[PDB]
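Observations on the model geometry
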Amino acid sequence: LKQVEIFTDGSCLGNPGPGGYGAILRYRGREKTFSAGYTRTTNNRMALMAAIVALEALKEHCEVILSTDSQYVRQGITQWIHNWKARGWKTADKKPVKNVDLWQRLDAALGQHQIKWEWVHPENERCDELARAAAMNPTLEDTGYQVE
């Protein structure tokens, strides 16, 4: 299957506050760029978005090496995402899980490809800049964010 590399990064001026994401999809040379800024969001939601958008842009089952420094994403993937699904997406108290709208989208995207996560670079530097640039020029509302 096609081999591709994805780089991502989220950024937020507050918690919550204006934020943005930056992601890069690379296929043997070619490179696709993604970024958007939201008026009020969190670094966590932006970190997920960056991964979600790049992955959903894929049009076939791919072998993906996904790089992200978000420890929030790292946890969900290596720990929470498993339990959540085995409970109809609910916390330990049968209560809804935060950012379920994004975690579900990320979970769906993961089921589409064979993902190898790199929890760690010149490539990620651009994403950081795209994300910061988006956070400084928000153009959309992050409806999925539940205030406070």
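Rules behind the numbers
Residues numbered from 1 in each chain as written, not as in the entry; some residues may be left out. Heavy atoms only, no water. Pairing = 2+ DSSP bridges. Helix = DSSP H or I, 4+ residues; strand = E, 2+ residues; numbered from the N terminus. Axes fitted to C-alpha atoms, helices over the stretch in contact; angles between N-to-C directions. Buried < 20%, exposed > 50% of the residue type's maximum accessible area, 1.4 Å probe, protein only. Arc of directions from axis to C-beta. Contact = heavy atoms within 4.5 Å. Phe/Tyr/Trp six-rings, centres within 6.5 Å; stacked < 30°, edge-to-face > 60°. Core = buried A, V, L, I, M, F, W, Y, C linked by side-chain atoms within 4.5 Å. Salt bridge = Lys/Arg side-chain N within 4 Å of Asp/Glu carboxyl O.

The deposited coordinates, according to the entry record, derive from X-ray crystallography at 1.90 Å resolution.

**A closer look at the sheet that holds strand β3 (residues 30-41)**
Here we have 5 strands laid out as an open sheet, ordered β3-β2-β1-β4-β5, and mixed in their pairing. At either end of the open sheet lies a strand with only one pairing partner, and these are β3 and β5 (114-118). Going across the sheet, the axis of each strand differs from the next one's by a mean of 20°, ignoring polarity. Relative to strand β2 (residues 17-27), strand β1 (residues 3-12) is paired through 8 bridges, and the arrangement is antiparallel.

**Quick notes on helix α3 (residues 100-110)**
Of the positions making up α3, those classed as buried are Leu-102, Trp-103, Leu-106, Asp-107, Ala-109 and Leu-110. Buried residues of α3, seen end-on, are gathered within an arc of 160° and therefore sit on one face of the element. Along its buried surface, α3 packs onto α1 (43-56), α2 (71-85) and β5.

**A few points about the packing of aromatic side chains**
In this structure the tally under the stated criterion is 7 aromatic pairs. Ring centres of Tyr-72 and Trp-103 lie 5.4 Å apart, and the angle between their planes is 55°; on these two criteria the pair is classed as tilted. You can see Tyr-72 sitting in helix α2 and its partner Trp-103 sitting in helix α3, a full 31 residues away along the chain. Taken as a pair, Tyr-72 and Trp-103 share a single burial class, namely buried. Through successive ring pairs, a cluster of aromatic residues spans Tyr-72, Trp-80, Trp-84, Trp-89 and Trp-103.

**Here's the deal with the side chain of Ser-67**
Inspection of the secondary structure assignment puts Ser-67 in strand β4 (residues 63-67). In this structure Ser-67 comes out as buried when scored by relative accessible area, which is 6%. Not counting chain neighbours up to four residues away, the residues in contact with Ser-67 comprise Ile-6, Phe-7, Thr-8, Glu-118, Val-120 and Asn-124.

**Observations concerning the nonpolar core**
Among the nonpolar cores identified, the biggest contains 35 residues, and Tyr-21, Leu-48, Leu-55, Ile-77, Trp-103 and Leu-106 are the most heavily contacted of them. Every element with two or more residues in this core is listed here: β1, β2, β3, α1, β4, α2 and α3. Element by element, the count of residues in this core is highest for α1, at 10 residues. Beyond its immediate stretch of four places on either side in the chain, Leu-55 contacts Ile-6, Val-64, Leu-66, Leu-106, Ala-109, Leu-110, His-113 and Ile-115.

**Description of the pattern of salt bridges**
Summed over all chains, the structure comprises 9 salt bridges. Note that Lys-2 is salt-bridged to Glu-60, the shortest N-O span being 3.8 Å. Of this pair, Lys-2 sits in the segment before β1 while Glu-60 sits in the loop between α1 and β4, and the two are 58 residues apart along the sequence. Residue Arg-26 pairs with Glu-5 through a salt bridge whose shortest N-O separation is 2.8 Å. On the criterion of sequence distance, the pair formed by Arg-26 in strand β2 and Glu-5 in strand β1 is long-range, its members being 21 residues apart. On the basis of relative accessible area, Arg-26 is assigned to the partly exposed category, the value being 21%.

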